[PDB]
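The analysis underlying the following values was restricted to heavy atoms, covering all of them including side chains, and did not include hydrogens, waters or symmetry mates. Numbering starts at 1 and runs along the sequence shown. We count ligands from 1, going down the list as the structure has it; atoms in each ligand are counted the same way.
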Amino acid sequence: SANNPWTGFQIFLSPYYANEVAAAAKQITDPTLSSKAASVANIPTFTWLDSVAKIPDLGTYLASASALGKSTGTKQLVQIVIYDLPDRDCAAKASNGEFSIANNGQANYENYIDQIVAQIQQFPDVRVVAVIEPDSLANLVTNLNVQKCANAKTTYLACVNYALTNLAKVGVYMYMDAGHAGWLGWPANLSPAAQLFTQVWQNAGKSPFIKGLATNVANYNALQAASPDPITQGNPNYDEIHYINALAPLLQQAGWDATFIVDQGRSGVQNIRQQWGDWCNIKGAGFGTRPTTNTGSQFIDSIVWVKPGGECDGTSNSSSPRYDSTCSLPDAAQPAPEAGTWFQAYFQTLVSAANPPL
Ligand SMILES: OC[C@H]1O[C@@H](O[C@H]2[C@H](O)[C@@H](O)[C@@H](O)O[C@@H]2CO)[C@H](O)[C@@H](O)[C@@H]1O
């Protein structure tokens, strides 16, 4: 590979996360633990554009990044997540979003992307790296018999295409979400997954800005497992390095020099789940390996922190329309607030259990 988006750039630290972390650390009673938690705001994370109201935030982040770059004599990089599909989260309930297909979803999303493009277009000196629509494509590999997913398949593909095609015109480096090793990493899923991703890549014109795929976003898999998690029984690809070593060659066969980024933001503590599919607020997770480009794998551009640890995965209140029974499992921290909202006790455990220690 030739073009790693991080080379020669300084990552712009998320002010949104920083404000959450500064607030959470002053509430942590242990003094050294509070110091460690406070330091989390200096670790680069991805900022989620999980609703239109966040688009002005992206405005202020690019402008701050531009200024930081001019004043420090560096080139700055802003890390974002495109996550506002119509009928979002089609195989769960916890992260249902603000747009729906039956309520002008297609148009709302295209306007969402347009407004994002118009922001990024005003700051050519700032590089952007985007993860494209967590969970969407993977749902279209394994969840087509889910009627919500099946009904939204063509909307998902159209919208993902619209994001890819139009963010490319303002030079955004993009990694399409590709699930994780327990999802698409199953050997029998590798080829169907690859066929989808290469179709999506081809449909977006094979633009050089489509770098490749992101894995483990908002999940907890090891990148390189010391020993296989017991939940991984039956899958030889028990960790993300196995998944990626098995999937990436298929992408290259079709001529896509595809590279990867891997969430490790909540991967510090392994063996914390009853079943692999337990994804919601897993009790006892720690912050994992810090973001770095020294990945040890020919396919991986960066270890990253995509899901901001401490922001909730979903509510445990079964009276909310966004209740998902996954968020009430014995390995899920409860009680838990609405997804995307701050979960103070979960953040403290992420700090305490961080591996490597903070
Ligand atoms: O990993 C985060 C997403 O997981 C999704 O559920 C997956 C799960 O990850 C797999 O381990 C397996 O259970 O397949 C599931 C899909 O049916 C979930 O739908 C999303 O809400 C999560 O963000």
Side-chain angles (χ1 to χ4, degrees), residues 46 48 50 81-85 87-97 131-150 152-153 156 175-190 192-193 196 213-223 225 228-235 237-240 242-243 261-267 270-282 285 288 304-309 311-316 320-329 331-332 336 338-341 343 346:
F46 273 74
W48 290 59
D50 59 336
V81 176
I82 305 312
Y83 188 62
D84 205 16
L85 272 180
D87 282 26
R88 192 179 73 194
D89 214 22
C90 68
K93 312 295 298 301
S95 210
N96 301 334
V131 180
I132 305 303
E133 286 301 345
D135 298 336
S136 54
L137 294 186
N139 276 320
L140 298 189
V141 184
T142 74
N143 281 320
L144 278 164
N145 58 297
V146 185
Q147 292 313 107
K148 186 167 190 199
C149 300
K153 173 177 214 208
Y156 278 22
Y175 295 78
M176 332 184 285
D177 190 75
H180 62 87
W183 199 344
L184 305 181
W186 293 93
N189 285 349
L190 298 170
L196 177 55
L213 305 183
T215 84
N216 205 45
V217 170
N219 209 283
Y220 315 79
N221 296 346
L223 169 59
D229 194 310
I231 73 199
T232 74
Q233 154 174 333
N235 194 335
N237 303 314
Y238 51 85
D239 59 10
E240 295 300 303
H242 273 86
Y243 170 31
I261 66 182
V262 186
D263 204 352
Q264 291 292 275
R266 301 192 295 173
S267 282
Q270 288 306 298
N271 307 337
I272 41 175
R273 283 172 284 188
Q274 278 187 348
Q275 303 286 87
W276 213 342
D278 301 350
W279 46 264
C280 186
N281 304 316
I282 291 319
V304 289
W305 282 21
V306 188
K307 167 74 188 201
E311 293 173 14
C312 194
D313 298 332
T315 186
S316 71
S320 160
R322 294 216 302 179
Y323 177 73
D324 189 300
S325 70
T326 306
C327 298
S328 293
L329 291 190
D331 56 2
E338 284 290 346
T341 68
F343 190 172
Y346 199 93

Which N/O atoms of ligand 1 sit under 3.5 Å from a protein N/O, and at what distances?
from: ligand 1; atom 1: 1 (O); to: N219; atom 2: ND2; distance (Å): 2.9
from: ligand 1; atom 1: 9 (O); to: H180; atom 2: NE2; distance (Å): 2.8
from: ligand 1; atom 1: 11 (O); to: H180; atom 2: NE2; distance (Å): 3.2
from: ligand 1; atom 1: 17 (O); to: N143; atom 2: ND2; distance (Å): 3.0
from: ligand 1; atom 1: 21 (O); to: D89; atom 2: OD1; distance (Å): 2.8
from: ligand 1; atom 1: 23 (O); to: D135; atom 2: OD2; distance (Å): 2.6

Under 3.5 Å, is there a donor-acceptor pair between the side chain of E133 and the main chain of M176?
no
Return yes if a side-chain donor-acceptor contact under 3.5 Å exists between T142 and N189, otherwise no.
no
Pairing donors with acceptors under 3.5 angstrom, does anything connect the side chains of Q274 and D331?
no
Any carboxylate oxygen within less than 4.0 angstrom of a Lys/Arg side-chain nitrogen, looking at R88 and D50?
no
How many angstroms lie between OH in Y156 and CG in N139, if you round to the nearest 0.5 Å?
6.0 Å
Mutual orientation of the aromatic rings belonging to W276 and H180 [parallel < 30°, tilted 30-60°, perpendicular > 60°]:
tilted
